[PDB]
file start_30.txt (compact mmCIF, C-alpha atoms and all ligand atoms)
# COMPACT_ATOMS: atom_id res chain seq x y z
CA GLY A 458 15.58 -32.44 41.31
CA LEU A 459 19.07 -33.14 39.76
CA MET A 460 16.75 -34.26 36.87
CA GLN A 461 17.50 -31.72 34.08
CA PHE A 462 14.99 -32.35 31.25
CA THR A 463 16.83 -32.34 27.84
CA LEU A 464 15.74 -32.45 24.16
CA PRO A 465 17.47 -33.95 21.13
CA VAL A 466 20.14 -31.58 19.68
CA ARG A 467 18.05 -30.14 16.75
CA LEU A 468 15.21 -29.23 19.24
CA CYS A 469 17.61 -28.09 22.01
CA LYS A 470 18.91 -25.44 19.51
CA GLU A 471 15.78 -24.51 17.48
CA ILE A 472 13.53 -24.27 20.62
CA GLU A 473 15.45 -21.04 21.51
CA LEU A 474 14.32 -19.31 18.25
CA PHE A 475 10.99 -17.49 17.81
CA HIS A 476 9.96 -19.60 14.73
CA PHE A 477 10.38 -23.07 16.34
CA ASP A 478 7.52 -25.47 15.42
CA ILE A 479 6.81 -27.98 18.31
CA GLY A 480 6.27 -30.71 15.66
CA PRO A 481 3.62 -33.46 15.25
CA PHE A 482 4.64 -35.84 18.17
CA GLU A 483 1.87 -35.06 20.71
CA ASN A 484 3.67 -37.02 23.51
CA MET A 485 6.77 -34.72 23.30
CA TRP A 486 4.77 -31.49 24.04
CA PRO A 487 4.68 -31.90 27.88
CA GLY A 488 8.46 -32.54 27.88
CA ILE A 489 8.99 -29.42 25.68
CA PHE A 490 6.86 -27.32 28.12
CA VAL A 491 8.76 -28.68 31.23
CA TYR A 492 12.09 -27.95 29.43
CA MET A 493 10.85 -24.37 28.81
CA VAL A 494 9.64 -23.81 32.46
CA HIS A 495 12.98 -25.21 33.84
CA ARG A 496 15.06 -22.90 31.52
CA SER A 497 12.75 -19.80 31.87
CA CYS A 498 12.05 -20.06 35.61
CA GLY A 499 14.33 -22.76 37.13
CA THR A 500 14.09 -26.46 38.13
CA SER A 501 12.98 -25.07 41.57
CA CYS A 502 9.90 -22.92 40.60
CA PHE A 503 7.44 -25.93 40.51
CA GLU A 504 7.30 -29.34 42.26
CA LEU A 505 7.86 -31.66 39.26
CA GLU A 506 5.21 -34.25 40.37
CA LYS A 507 2.58 -31.43 40.73
CA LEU A 508 3.57 -29.63 37.48
CA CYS A 509 3.34 -32.88 35.41
CA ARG A 510 -0.09 -33.64 37.01
CA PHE A 511 -1.27 -30.05 36.24
CA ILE A 512 0.01 -30.27 32.59
CA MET A 513 -1.87 -33.58 32.15
CA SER A 514 -5.16 -32.09 33.54
CA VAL A 515 -4.72 -29.02 31.28
CA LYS A 516 -4.13 -31.37 28.30
CA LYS A 517 -7.24 -33.46 29.19
CA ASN A 518 -9.32 -30.23 29.27
CA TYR A 519 -8.38 -29.01 25.71
CA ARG A 520 -10.83 -30.38 23.12
CA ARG A 521 -9.94 -32.12 19.80
CA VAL A 522 -10.92 -29.10 17.63
CA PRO A 523 -8.98 -28.24 14.43
CA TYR A 524 -7.08 -25.20 15.85
CA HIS A 525 -8.01 -24.24 19.47
CA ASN A 526 -6.45 -27.43 20.86
CA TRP A 527 -3.48 -28.55 22.98
CA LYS A 528 -0.99 -27.99 20.13
CA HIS A 529 -2.07 -24.29 20.03
CA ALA A 530 -1.72 -24.07 23.89
CA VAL A 531 1.89 -25.35 23.77
CA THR A 532 2.73 -23.26 20.63
CA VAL A 533 1.53 -20.05 22.37
CA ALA A 534 3.59 -21.01 25.49
CA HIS A 535 6.72 -21.54 23.28
CA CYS A 536 6.35 -18.01 21.81
CA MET A 537 6.13 -16.58 25.39
CA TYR A 538 9.22 -18.62 26.38
CA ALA A 539 11.23 -17.07 23.45
CA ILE A 540 10.18 -13.56 24.58
CA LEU A 541 10.92 -14.26 28.27
CA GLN A 542 14.34 -15.78 27.29
CA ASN A 543 15.30 -12.80 25.02
CA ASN A 544 14.27 -10.23 27.76
CA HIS A 545 15.32 -12.22 30.91
CA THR A 546 16.12 -9.12 33.10
CA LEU A 547 12.82 -7.22 32.42
CA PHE A 548 10.53 -9.77 34.17
CA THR A 549 9.78 -10.65 37.80
CA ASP A 550 10.08 -14.27 39.11
CA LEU A 551 6.22 -14.20 39.55
CA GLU A 552 5.68 -13.01 35.90
CA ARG A 553 7.99 -15.74 34.42
CA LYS A 554 6.08 -18.37 36.51
CA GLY A 555 2.56 -17.04 35.76
CA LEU A 556 2.87 -16.16 32.04
CA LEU A 557 4.07 -19.60 30.82
CA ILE A 558 1.07 -21.13 32.74
CA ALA A 559 -1.19 -18.30 31.42
CA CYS A 560 -0.29 -19.29 27.84
CA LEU A 561 -0.74 -23.06 28.34
CA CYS A 562 -4.23 -22.42 29.94
CA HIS A 563 -5.33 -19.37 27.80
CA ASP A 564 -7.80 -21.37 25.60
CA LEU A 565 -8.80 -24.17 28.15
CA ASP A 566 -11.98 -26.05 27.08
CA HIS A 567 -12.37 -23.88 23.92
CA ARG A 568 -15.20 -25.25 21.71
CA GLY A 569 -14.02 -24.02 18.24
CA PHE A 570 -16.58 -21.15 18.36
CA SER A 571 -16.16 -17.37 18.77
CA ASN A 572 -17.57 -15.18 21.58
CA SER A 573 -20.00 -13.94 18.80
CA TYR A 574 -21.43 -17.43 18.13
CA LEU A 575 -21.90 -18.22 21.89
CA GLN A 576 -23.91 -14.92 22.21
CA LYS A 577 -25.97 -15.60 19.01
CA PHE A 578 -26.62 -19.26 20.05
CA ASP A 579 -27.54 -17.94 23.59
CA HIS A 580 -25.06 -20.36 25.26
CA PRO A 581 -25.16 -20.45 29.12
CA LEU A 582 -21.53 -19.17 29.15
CA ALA A 583 -22.75 -15.97 27.34
CA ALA A 584 -25.28 -15.48 30.22
CA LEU A 585 -22.58 -16.09 32.89
CA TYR A 586 -19.93 -13.90 31.08
CA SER A 587 -21.37 -10.97 28.97
CA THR A 588 -17.97 -9.88 27.47
CA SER A 589 -14.71 -11.84 26.85
CA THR A 590 -17.06 -14.88 27.26
CA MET A 591 -14.64 -17.72 26.39
CA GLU A 592 -11.66 -15.84 27.97
CA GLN A 593 -13.45 -15.62 31.37
CA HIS A 594 -14.30 -19.37 31.02
CA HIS A 595 -10.62 -20.28 30.28
CA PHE A 596 -9.54 -18.39 33.44
CA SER A 597 -12.36 -20.14 35.38
CA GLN A 598 -11.17 -23.55 34.03
CA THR A 599 -7.50 -22.81 35.08
CA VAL A 600 -8.46 -21.97 38.73
CA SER A 601 -10.64 -25.16 38.89
CA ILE A 602 -7.61 -27.27 37.72
CA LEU A 603 -5.30 -25.57 40.29
CA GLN A 604 -7.95 -26.56 42.95
CA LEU A 605 -7.81 -30.32 42.08
CA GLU A 606 -5.83 -32.33 44.73
CA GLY A 607 -2.05 -32.53 43.96
CA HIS A 608 -2.45 -29.91 41.15
CA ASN A 609 -1.61 -26.64 42.95
CA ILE A 610 1.80 -25.85 41.35
CA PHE A 611 1.62 -22.45 43.26
CA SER A 612 1.59 -24.34 46.70
CA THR A 613 4.84 -22.73 47.99
CA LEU A 614 3.81 -19.06 47.21
CA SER A 615 2.73 -16.77 50.14
CA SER A 616 -0.93 -15.61 50.34
CA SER A 617 0.41 -12.42 48.57
CA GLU A 618 2.44 -14.04 45.77
CA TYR A 619 -0.48 -16.48 45.13
CA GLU A 620 -3.08 -13.65 44.64
CA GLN A 621 -0.48 -11.72 42.53
CA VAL A 622 0.22 -14.69 40.16
CA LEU A 623 -3.55 -15.55 39.76
CA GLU A 624 -4.10 -11.84 38.93
CA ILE A 625 -1.22 -11.78 36.36
CA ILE A 626 -2.74 -15.01 34.77
CA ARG A 627 -6.31 -13.54 34.81
CA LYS A 628 -5.30 -10.28 33.06
CA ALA A 629 -3.01 -12.37 30.75
CA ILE A 630 -5.90 -14.63 29.59
CA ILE A 631 -8.44 -11.73 29.25
CA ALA A 632 -5.90 -9.90 26.98
CA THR A 633 -6.14 -12.84 24.46
CA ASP A 634 -9.65 -11.43 23.62
CA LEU A 635 -8.58 -9.77 20.33
CA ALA A 636 -11.57 -7.31 20.71
CA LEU A 637 -9.52 -5.74 23.60
CA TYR A 638 -6.21 -5.79 21.60
CA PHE A 639 -6.97 -2.68 19.46
CA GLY A 640 -7.52 -0.37 22.45
CA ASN A 641 -4.47 -1.78 24.29
CA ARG A 642 -1.97 -1.32 21.42
CA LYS A 643 -3.27 2.21 20.58
CA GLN A 644 -2.64 3.12 24.29
CA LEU A 645 0.84 1.49 24.32
CA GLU A 646 1.78 3.24 21.01
CA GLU A 647 0.73 6.75 22.32
CA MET A 648 2.42 6.10 25.76
CA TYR A 649 5.66 4.97 24.00
CA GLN A 650 5.65 7.96 21.56
CA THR A 651 4.84 10.60 24.27
CA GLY A 652 7.67 8.93 26.32
CA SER A 653 5.17 8.34 29.22
CA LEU A 654 5.57 4.48 29.16
CA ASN A 655 6.81 3.37 32.65
CA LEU A 656 7.48 -0.37 33.40
CA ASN A 657 7.35 0.62 37.14
CA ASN A 658 3.64 1.50 36.65
CA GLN A 659 1.73 -1.83 37.23
CA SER A 660 -1.08 -0.57 34.88
CA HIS A 661 1.65 -0.23 32.15
CA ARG A 662 3.25 -3.66 32.78
CA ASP A 663 -0.31 -5.06 32.49
CA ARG A 664 -0.78 -3.47 28.99
CA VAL A 665 2.70 -4.73 27.81
CA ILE A 666 1.89 -8.26 29.11
CA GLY A 667 -1.42 -7.84 27.20
CA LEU A 668 0.48 -7.19 23.93
CA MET A 669 2.88 -10.14 24.55
CA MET A 670 -0.26 -12.32 25.03
CA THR A 671 -1.71 -11.15 21.63
CA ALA A 672 1.80 -11.61 20.05
CA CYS A 673 2.14 -15.25 21.36
CA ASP A 674 -1.51 -16.03 20.48
CA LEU A 675 -1.06 -14.89 16.85
CA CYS A 676 2.41 -16.46 16.46
CA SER A 677 1.29 -18.82 13.61
CA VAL A 678 1.96 -15.67 11.37
CA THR A 679 5.70 -15.59 12.42
CA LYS A 680 6.45 -19.22 11.50
CA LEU A 681 8.02 -20.75 8.38
CA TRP A 682 5.64 -20.24 5.43
CA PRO A 683 4.56 -23.98 5.25
CA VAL A 684 3.65 -23.85 9.03
CA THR A 685 1.84 -20.48 8.54
CA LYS A 686 -0.11 -21.81 5.52
CA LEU A 687 -0.94 -25.25 7.07
CA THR A 688 -2.08 -23.58 10.38
CA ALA A 689 -4.33 -21.22 8.34
CA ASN A 690 -6.15 -24.39 6.96
CA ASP A 691 -6.86 -25.46 10.61
CA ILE A 692 -8.03 -21.89 11.40
CA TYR A 693 -10.55 -21.91 8.44
CA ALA A 694 -11.70 -25.45 9.51
CA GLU A 695 -13.05 -23.82 12.72
CA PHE A 696 -14.18 -20.54 11.12
CA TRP A 697 -16.21 -22.20 8.29
CA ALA A 698 -17.94 -24.75 10.63
CA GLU A 699 -18.94 -21.72 12.78
CA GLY A 700 -20.25 -19.97 9.61
CA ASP A 701 -22.24 -23.18 8.86
CA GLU A 702 -23.69 -22.96 12.43
CA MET A 703 -24.52 -19.23 11.99
CA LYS A 704 -26.44 -20.20 8.76
CA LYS A 705 -28.38 -22.87 10.74
CA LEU A 706 -29.42 -20.07 13.21
CA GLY A 707 -30.69 -18.16 10.06
CA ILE A 708 -27.74 -15.69 10.03
CA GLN A 709 -25.38 -14.77 7.15
CA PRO A 710 -21.88 -15.18 8.64
CA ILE A 711 -19.10 -12.60 8.01
CA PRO A 712 -16.99 -13.54 4.95
CA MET A 713 -14.09 -14.68 7.17
CA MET A 714 -16.36 -17.60 8.34
CA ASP A 715 -18.30 -18.20 5.08
CA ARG A 716 -16.68 -21.18 3.26
CA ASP A 717 -18.42 -19.78 0.11
CA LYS A 718 -15.83 -16.92 0.30
CA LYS A 719 -12.75 -19.27 0.23
CA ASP A 720 -11.61 -17.40 -2.97
CA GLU A 721 -10.94 -14.23 -0.84
CA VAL A 722 -8.70 -15.95 1.84
CA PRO A 723 -5.42 -14.36 0.60
CA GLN A 724 -6.92 -10.80 0.76
CA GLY A 725 -8.44 -11.39 4.29
CA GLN A 726 -5.01 -12.57 5.59
CA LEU A 727 -3.51 -9.35 4.05
CA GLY A 728 -6.07 -7.20 5.94
CA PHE A 729 -5.37 -9.06 9.20
CA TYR A 730 -1.55 -8.81 8.84
CA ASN A 731 -2.02 -5.01 8.19
CA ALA A 732 -4.85 -4.40 10.75
CA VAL A 733 -3.50 -6.59 13.65
CA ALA A 734 -0.39 -8.72 13.26
CA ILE A 735 2.07 -6.08 11.83
CA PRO A 736 1.01 -3.29 14.25
CA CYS A 737 1.06 -5.82 17.18
CA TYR A 738 4.68 -6.97 16.53
CA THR A 739 5.76 -3.41 15.47
CA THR A 740 4.67 -1.98 18.90
CA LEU A 741 6.10 -5.08 20.68
CA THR A 742 9.49 -4.62 18.90
CA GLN A 743 9.47 -0.91 19.99
CA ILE A 744 8.89 -1.75 23.69
CA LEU A 745 10.99 -5.00 23.60
CA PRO A 746 13.68 -4.64 20.90
CA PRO A 747 14.89 -8.28 21.12
CA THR A 748 11.41 -9.48 19.82
CA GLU A 749 12.33 -7.96 16.35
CA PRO A 750 12.49 -11.48 14.77
CA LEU A 751 8.64 -11.81 15.27
CA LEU A 752 8.04 -8.56 13.24
CA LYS A 753 10.46 -9.61 10.42
CA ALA A 754 8.97 -13.14 10.24
CA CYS A 755 5.42 -11.61 10.05
CA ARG A 756 6.49 -9.20 7.25
CA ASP A 757 7.99 -12.25 5.38
CA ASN A 758 4.64 -14.15 5.62
CA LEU A 759 2.69 -10.98 4.58
CA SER A 760 4.93 -11.13 1.45
CA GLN A 761 4.12 -14.88 0.88
CA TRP A 762 0.37 -13.96 1.10
CA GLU A 763 0.97 -11.25 -1.56
CA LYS A 764 2.63 -13.93 -3.79
CA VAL A 765 -0.46 -16.17 -3.44
CA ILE A 766 -2.66 -13.32 -4.82
CA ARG A 767 -0.25 -12.63 -7.74
CA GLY A 768 -0.63 -16.40 -8.56
CA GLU A 769 3.20 -16.84 -8.04
CA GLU A 770 2.02 -19.73 -5.70
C1 LIG A 801 -8.89 -13.52 13.77
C2 LIG A 801 -7.80 -14.55 14.14
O1 LIG A 801 -7.50 -15.29 12.94
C3 LIG A 801 -6.18 -15.55 12.59
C4 LIG A 801 -5.20 -15.90 13.51
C5 LIG A 801 -3.93 -16.17 13.07
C6 LIG A 801 -3.55 -16.04 11.76
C7 LIG A 801 -4.51 -15.68 10.85
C8 LIG A 801 -5.80 -15.44 11.24
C9 LIG A 801 -6.78 -15.01 10.22
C10 LIG A 801 -8.00 -15.67 10.03
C11 LIG A 801 -8.87 -15.17 9.06
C12 LIG A 801 -8.56 -14.02 8.32
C13 LIG A 801 -9.56 -13.62 7.33
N1 LIG A 801 -9.91 -14.50 6.38
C14 LIG A 801 -10.83 -14.17 5.48
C15 LIG A 801 -11.21 -15.06 4.47
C16 LIG A 801 -12.19 -14.69 3.59
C17 LIG A 801 -12.80 -13.45 3.69
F1 LIG A 801 -13.74 -13.13 2.79
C18 LIG A 801 -12.45 -12.54 4.63
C19 LIG A 801 -11.46 -12.91 5.53
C20 LIG A 801 -11.08 -12.01 6.50
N2 LIG A 801 -11.76 -10.85 6.54
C21 LIG A 801 -11.07 -9.67 6.17
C22 LIG A 801 -10.22 -9.39 7.41
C23 LIG A 801 -12.25 -8.75 6.21
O2 LIG A 801 -13.23 -8.84 5.44
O3 LIG A 801 -12.19 -7.86 7.22
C24 LIG A 801 -10.13 -12.37 7.44
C25 LIG A 801 -9.76 -11.48 8.46
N3 LIG A 801 -9.45 -10.82 9.32
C26 LIG A 801 -7.35 -13.36 8.52
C27 LIG A 801 -6.48 -13.85 9.47
CL CL A 802 -18.53 -28.81 21.94
MG MG A 803 -8.69 -17.62 22.71
ZN ZN A 804 -5.37 -18.88 21.53
call {"tool": "encode", "arguments": {"input": "start_30.txt", "output": "structure tokens"}}
result
Amino acid sequence: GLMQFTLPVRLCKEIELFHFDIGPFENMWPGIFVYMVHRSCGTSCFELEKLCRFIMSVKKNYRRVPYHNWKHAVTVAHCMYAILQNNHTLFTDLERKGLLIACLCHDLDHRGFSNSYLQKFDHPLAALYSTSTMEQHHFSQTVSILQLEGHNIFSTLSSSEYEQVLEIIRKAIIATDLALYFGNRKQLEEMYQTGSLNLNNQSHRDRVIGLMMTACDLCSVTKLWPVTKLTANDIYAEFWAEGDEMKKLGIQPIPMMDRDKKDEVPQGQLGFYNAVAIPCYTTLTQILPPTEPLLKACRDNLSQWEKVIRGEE
């Protein structure tokens, strides 16, 4: 337990900043996550042997898809770490524990296909889970992995704390369903503006955690431009294959997933930054001022997308 995980100097410093990229060395991503848990939560929050075994079963259960893979899991967990570390005093011991795990597990056993495509294919998961289809499956997958022998990192929690953390994680993971984002941010905006927002109201905490989850999930848009751009290529690798699969079912895909509408990528990013990303980080900055660097980074990458369109790159 006197076994403080460390990183090389450049990582030890940059990991603290919102725009840290976890880099291309797959084998360093568990260490980076353990570092983040130990700093965010303590060396005491999880039995190391159980946490490492959990991490490795989570990793095994992410597929080798272009975007919705283990690198995304660990990237989304890093963003949550940076929030939790810039707003240390706002969050319960159970929230700091649960949310880092929520993020790591939030896309477990993703197949590189949208809730839409599952429903149009008529996949058994769309019959088991009518809305937030993949999101309910990811939560299901997380509980299953916690139920494996030697995997229950929540072992030491009381019957109460255990049901609380699983409930934080369940709401956390459901909130990553972007179809639910729009409603949640409208409600948080109005509540903030009418001065009615109350972090003592569990229902309100839930909504705020929901926005954090969206903000971590979308955090490719707050990175250095070359990360933002090279992640977008991975994103279109999934979207276009899905469009191909839609076409095989006899269905015109939406332009966002039609590789024949490549030419319009810059404009679609602009719409997304305006419709989702900018409002998401704007509202998050309002409620959690120290998350301002996410908003500014997003605005910078909006501006790089504008430059693409103007053929200045
Ligand atoms: C949804 C999650 O995706 C992400 C996550 C992170 C960063 C970025 C993304 C991401 C992925 C794709 C887009 C996108 N690409 C297109 C490419 C061509 C095209 F014709 C249309 C679109 C397009 N449609 C615009 C919006 C419309 O017509 O409403 C969109 C949209 N939205 C924008 C952002
Ligand atoms: Cl598959
Ligand atoms: Mg997801
Ligand atoms: Zn995700």
call {"tool": "closest_residue", "arguments": {"input": "start_30.txt", "among": "A:721, A:691, A:663, A:647", "to": "residue A:529", "atoms": "all atoms listed in the file"}}
result
A:691
call {"tool": "residues_around", "arguments": {"input": "start_30.txt", "residues": "residue A:569", "least_positions_apart": "3", "cutoff": "12 Å", "atoms": "all atoms listed in the file", "output": "ChimeraX atom specification"}}
result
/A:519-526,564-566,572-575,591,691-700,702
call {"tool": "write_last_selection", "arguments": {"input": "start_30.txt", "atoms": "C-alpha atoms", "output": "mmCIF file, in the coordinates of the input"}}
result
data_model
loop_
_atom_site.group_PDB
_atom_site.id
_atom_site.type_symbol
_atom_site.label_atom_id
_atom_site.label_comp_id
_atom_site.auth_asym_id
_atom_site.auth_seq_id
_atom_site.Cartn_x
_atom_site.Cartn_y
_atom_site.Cartn_z
ATOM 1 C CA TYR A 519 -8.380 -29.010 25.710
ATOM 2 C CA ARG A 520 -10.830 -30.380 23.120
ATOM 3 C CA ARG A 521 -9.940 -32.120 19.800
ATOM 4 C CA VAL A 522 -10.920 -29.100 17.630
ATOM 5 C CA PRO A 523 -8.980 -28.240 14.430
ATOM 6 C CA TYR A 524 -7.080 -25.200 15.850
ATOM 7 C CA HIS A 525 -8.010 -24.240 19.470
ATOM 8 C CA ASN A 526 -6.450 -27.430 20.860
ATOM 9 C CA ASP A 564 -7.800 -21.370 25.600
ATOM 10 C CA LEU A 565 -8.800 -24.170 28.150
ATOM 11 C CA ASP A 566 -11.980 -26.050 27.080
ATOM 12 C CA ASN A 572 -17.570 -15.180 21.580
ATOM 13 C CA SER A 573 -20.000 -13.940 18.800
ATOM 14 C CA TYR A 574 -21.430 -17.430 18.130
ATOM 15 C CA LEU A 575 -21.900 -18.220 21.890
ATOM 16 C CA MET A 591 -14.640 -17.720 26.390
ATOM 17 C CA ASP A 691 -6.860 -25.460 10.610
ATOM 18 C CA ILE A 692 -8.030 -21.890 11.400
ATOM 19 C CA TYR A 693 -10.550 -21.910 8.440
ATOM 20 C CA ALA A 694 -11.700 -25.450 9.510
ATOM 21 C CA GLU A 695 -13.050 -23.820 12.720
ATOM 22 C CA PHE A 696 -14.180 -20.540 11.120
ATOM 23 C CA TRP A 697 -16.210 -22.200 8.290
ATOM 24 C CA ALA A 698 -17.940 -24.750 10.630
ATOM 25 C CA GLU A 699 -18.940 -21.720 12.780
ATOM 26 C CA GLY A 700 -20.250 -19.970 9.610
ATOM 27 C CA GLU A 702 -23.690 -22.960 12.430
#
call {"tool": "residues_around", "arguments": {"input": "start_30.txt", "residues": "residue A:528", "least_positions_apart": "3", "cutoff": "12 Å", "atoms": "only C-alpha atoms", "output": "ChimeraX atom specification"}}
result
/A:478-487,489-490,515-516,519-525,531-535,560-562,564-565,674,677,688,691
call {"tool": "closest_residue", "arguments": {"input": "start_30.txt", "among": "A:511, A:586, A:649, A:762", "to": "residue A:606", "atoms": "all atoms listed in the file"}}
result
A:511
call {"tool": "residues_around", "arguments": {"input": "start_30.txt", "residues": "residue A:761", "least_positions_apart": "2", "cutoff": "12 Å", "atoms": "only C-alpha atoms", "output": "ChimeraX atom specification"}}
result
/A:678-683,685-686,723-724,726-727,730,754-759,763-770
call {"tool": "residues_around", "arguments": {"input": "start_30.txt", "residues": "residue A:549", "least_positions_apart": "6", "cutoff": "12 Å", "atoms": "only C-alpha atoms", "output": "VMD selection string"}}
result
chain A and resid 497 to 498 541 555 to 556 618 621 to 622 625 656 to 657 659 662 666
call {"tool": "write_last_selection", "arguments": {"input": "start_30.txt", "atoms": "C-alpha atoms", "output": "PDB file, in the coordinates of the input"}}
result
ATOM      1  CA  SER A 497      12.750 -19.800  31.870  1.00  0.00           C
ATOM      2  CA  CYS A 498      12.050 -20.060  35.610  1.00  0.00           C
ATOM      3  CA  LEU A 541      10.920 -14.260  28.270  1.00  0.00           C
ATOM      4  CA  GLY A 555       2.560 -17.040  35.760  1.00  0.00           C
ATOM      5  CA  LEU A 556       2.870 -16.160  32.040  1.00  0.00           C
ATOM      6  CA  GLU A 618       2.440 -14.040  45.770  1.00  0.00           C
ATOM      7  CA  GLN A 621      -0.480 -11.720  42.530  1.00  0.00           C
ATOM      8  CA  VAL A 622       0.220 -14.690  40.160  1.00  0.00           C
ATOM      9  CA  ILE A 625      -1.220 -11.780  36.360  1.00  0.00           C
ATOM     10  CA  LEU A 656       7.480  -0.370  33.400  1.00  0.00           C
ATOM     11  CA  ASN A 657       7.350   0.620  37.140  1.00  0.00           C
ATOM     12  CA  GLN A 659       1.730  -1.830  37.230  1.00  0.00           C
ATOM     13  CA  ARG A 662       3.250  -3.660  32.780  1.00  0.00           C
ATOM     14  CA  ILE A 666       1.890  -8.260  29.110  1.00  0.00           C
TER      15      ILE A 666
END
call {"tool": "atom_distance", "arguments": {"input": "start_30.txt", "atom1": "atom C18 of ligand LIG 801 (chain A)", "atom2": "atom CA of residue A:684"}}
result
20.2 Å
call {"tool": "closest_residue", "arguments": {"input": "start_30.txt", "among": "A:514, A:571, A:641, A:616", "to": "ligand ZN 804 (chain A)", "atoms": "only C-alpha atoms and all ligand atoms"}}
result
A:571
call {"tool": "closest_residue", "arguments": {"input": "start_30.txt", "among": "A:614, A:605, A:623, A:537", "to": "residue A:494", "atoms": "all atoms listed in the file"}}
result
A:537
call {"tool": "atom_distance", "arguments": {"input": "start_30.txt", "atom1": "atom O2 of ligand LIG 801 (chain A)", "atom2": "atom CA of residue A:720"}}
result
12.1 Å
